[PDB]
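Asker: partial complex follows, first chain(s) only, in situ:
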Amino acid sequence: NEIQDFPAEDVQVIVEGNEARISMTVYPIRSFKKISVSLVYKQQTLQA
């Protein structure tokens, strides 16, 4: 849980001569610092 998630397919490796080129993507872990709740009231009827 040091990182959120990554796309596995985007981890591409290219080898050519002495150099090795690598490209990847990772979603960074984030910590919550704002929570909003949109509560809405309603009425409901009952029978027996």
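Answerer: Okay, I see it. Numbers count the residues shown, from 1 in each chain, chains lettered A, B, ... in the order given.
Asker: number of residues surrounding residue A:43?
Answerer: Neighbours of residue A:43 under the rule other Cβ atoms under 10 Å: 4. Any C-beta I mention is one placed from the backbone N, CA and C, and that applies to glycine too.
Asker: ok, it - contacts?
Answerer: By Cβ atoms under 8 Å, 6 or more residues apart in numbering, no residues touch residue A:43.
Asker: what's the helix or strand for it?
Answerer: Using DSSP states H and E, residue A:43 maps to neither a helix nor a strand.
Asker: relative to residue A:5, how far out is it?
Answerer: Distance of residue A:43 to residue A:5, computed by Cβ to Cβ, to the nearest Å: 42 Å.
Asker: one more chain, chain B:
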Amino acid sequence: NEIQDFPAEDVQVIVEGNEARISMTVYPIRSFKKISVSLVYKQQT
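Answerer: So that you can see how it sits with the rest, here is chain B on the chains above:
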């Protein structure tokens, strides 16, 4: 014996917010004021 009878299924209740709407049916009590008795006579031969 304070009523004659009541159908249980007829009792209905509805609740909506503050109100509580109710309905029911009863057969009310009575005490006899005429009592009739007829007789039939028969024989064997």
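Asker: what about the contacts of residue A:43 again, now that chain B is present?
Answerer: By Cβ atoms under 8 Å, 6 or more residues apart in numbering or on different chains, residue A:43 lies in contact with B:16, B:17.
Asker: repeat that for residue A:14.
Answerer: Applying Cβ under 8 Å, 6+ apart, the residues near residue A:14 are A:20, A:21, A:22, A:23.
Asker: residue A:25 now?
Answerer: Contacts of residue A:25 by Cβ under 8 Å, 6+ apart are A:6, A:7, A:10.
Asker: which of those residues has the most neighbours?
Answerer: Highest neighbour count within the contacts of residue A:25: residue A:6, with 12 neighbours (other Cβ atoms under 10 Å in any protein chain shown).
Asker: isn't it right next to residue A:28, touching?
Answerer: No. Using Cβ atoms under 8 Å, residue A:6 is not in contact with residue A:28, being 10.2 Å away.
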